[PDB]
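In the structure tokens that follow, a single protein chain appears in two forms: structure 1, then structure 2.
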Structure 1
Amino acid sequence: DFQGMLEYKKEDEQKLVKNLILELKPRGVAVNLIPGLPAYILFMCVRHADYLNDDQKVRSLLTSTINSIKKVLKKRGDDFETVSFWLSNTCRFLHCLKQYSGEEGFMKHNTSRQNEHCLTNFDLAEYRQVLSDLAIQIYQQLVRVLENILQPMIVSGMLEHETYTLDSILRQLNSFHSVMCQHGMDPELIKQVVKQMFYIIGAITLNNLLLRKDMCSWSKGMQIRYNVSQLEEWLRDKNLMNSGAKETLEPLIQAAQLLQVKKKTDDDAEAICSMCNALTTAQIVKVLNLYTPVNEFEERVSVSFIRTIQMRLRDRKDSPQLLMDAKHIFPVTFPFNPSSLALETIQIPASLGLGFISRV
């Protein structure tokens, strides 16, 4: 009848964080069978220190933990799997510190047995704040690493290819999503990362239309709309249509629609002004100025037509922005997701190299 706590000797604390954090492999069998396993084990160690009422041990374990996570991200900070794994486990460690805090506001999902596993001697609120701030830093690093992977693929994948293709972009998105799922990343965080990836796709693609006459054509509008259709089918396949990702593409979609509509009459001008509610006046006017007719039997958009559009939009008080900030990162929100996992049932796998830890 174990109680869901883990004991270790003071002198072994550096071996503990070495095997549990510094040299722990994100692909290992045990941590893939039980996502968040390192966080759960670390928390069970915290529980025992708290049970002993040993303030020095609690302090030292928490600091060693935070410092070790920082060290692994400094060393392998360009490796997406490592960053994903540690964002997930930092969040799960924080979920544990909350779920088993003994504070009622965090215990609403607990079973009666889980409530028996709450900390009793220490208030770790200040350490939870350090962890939360760390999770923000890790999320920022993750989004940077993933953007650097996707960025070279976007223009060729979305615009040039009729070298990277759209399938290249989808293959990467599939890999990112698969990995975050394997790590047990909070579903709300996965949705934010996907939203952030759709944002850069839309922003880099639109910024290319806005800079290049050769990309502003009826045919390019058709290609973009087809490519967006496949990105939306991807969200549908993954159950991600509530992530906000599709909405990030609306300026691109409207620019593509603008490339295809009629651009001659007063009625056509009125339709453009109603359709392009996600584009600024500067962007609409730029696309119309750059628009390149397929051949001599299609006329350029006239100067007078563009002035009609400017006249109709004259009362909009919109942003002066032309190019999008493609590296803009939406501020992250973190959910609290207490789990059903019963600590008293957690087996310490032999593979982790943690024989010096004992169950209590």
Structure 2
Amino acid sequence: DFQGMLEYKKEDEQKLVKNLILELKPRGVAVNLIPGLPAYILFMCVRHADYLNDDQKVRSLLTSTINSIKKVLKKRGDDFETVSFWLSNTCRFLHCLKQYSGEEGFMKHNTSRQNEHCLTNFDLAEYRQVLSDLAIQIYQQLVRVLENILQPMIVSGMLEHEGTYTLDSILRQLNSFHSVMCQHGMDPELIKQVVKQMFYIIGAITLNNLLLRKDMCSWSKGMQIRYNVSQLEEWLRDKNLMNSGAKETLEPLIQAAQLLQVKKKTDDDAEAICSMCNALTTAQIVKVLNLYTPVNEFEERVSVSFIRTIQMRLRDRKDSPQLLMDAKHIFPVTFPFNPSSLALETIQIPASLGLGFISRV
């Protein structure tokens, strides 16, 4: 049987990180097969250096790994696939370091054989912290790249449409993002966070646009927004992401669309609006009511007195005086431990990866 380790000569360490990190292509057929392969290879290399009791070699590899991943993302950090790939692999590397740490708290899902593969000489808890902090940075980068890709699509897809962007453009792009993350073996709980963040951005940009234009507050637009949100919700359902928290991030937009469709005349109508619009600030509620356009001659505009009644009712809210959502808010990310069933002693390195100078142990 193999031990589940990989040996390399110290003089080949730079060649190792060159071929495994700096020049590794995330779209290669050989790394689709085992999502996380770079992380598993690195860990198996750490295992052997640990087995040799070689603290200097373990440090050099671990330091070189962080430096190389940072280098790749400085050079190709605007490519979503590259950022996703290295986020996924940084996380898998972190999970490996925990799963095979020898700490009982991380071994509950291990097979007996996997428990045989724990590190024996070095406690890498401090490195795990460094790696976690890197993953946070990569995640922030990923959010920024996805945001930049979606931004040109959002107002036309969500508000204007009843090269060129529609709701279907947004859905196609979300499908592409999600497929890529899945192909990379990104943790399901991390994909959920990414999707929550993307939905937040969609909702914030949409609502802010609605509040800044003069032509988006009508009953008909409310209907359109409702429909578009319903399609985003169906996308979540199809991807089994309805517990991601993503739908809940759209509450301000959802409430604005509802506000467009309710009656806006009586004291009872005002009470109802105050009861229903918990996710909108007073300024947002008042803005929408001031912008509202009647559907035809049988509907009227909202009166000044009605608007003042809303203000009076909401007077004791700890309300932010702000009008616009902060579309650059990023929810704090977490990387909950996700052990894998992959047996290290069975992992083969594809010959096409150019790592023939590494040896299986």
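Here, a residue number simply tells you its place in the sequence of structure 1, counted from 1. Between two forms, the rigid core is defined as the largest C-alpha subset superposing within 1.5 Å.
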Superposing on the rigid core, does the Cα of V294 end up 2 Å or more away between structures 1 and 2?
-> yes
Can we say the CA of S319 moves by at least 2 Å between structures 1 and 2 when the core is superposed?
-> yes
Once the two forms are fitted on their rigid core, how many angstrom does the CA of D267 move between structures 1 and 2?
-> 2.1
For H109, CA displacement between structures 1 and 2 after the core is overlaid, in Å | 1.1
Determine, in Å, the CA shift of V155 between structures 1 and 2 after the rigid core is used for superposition.
-> 0.5
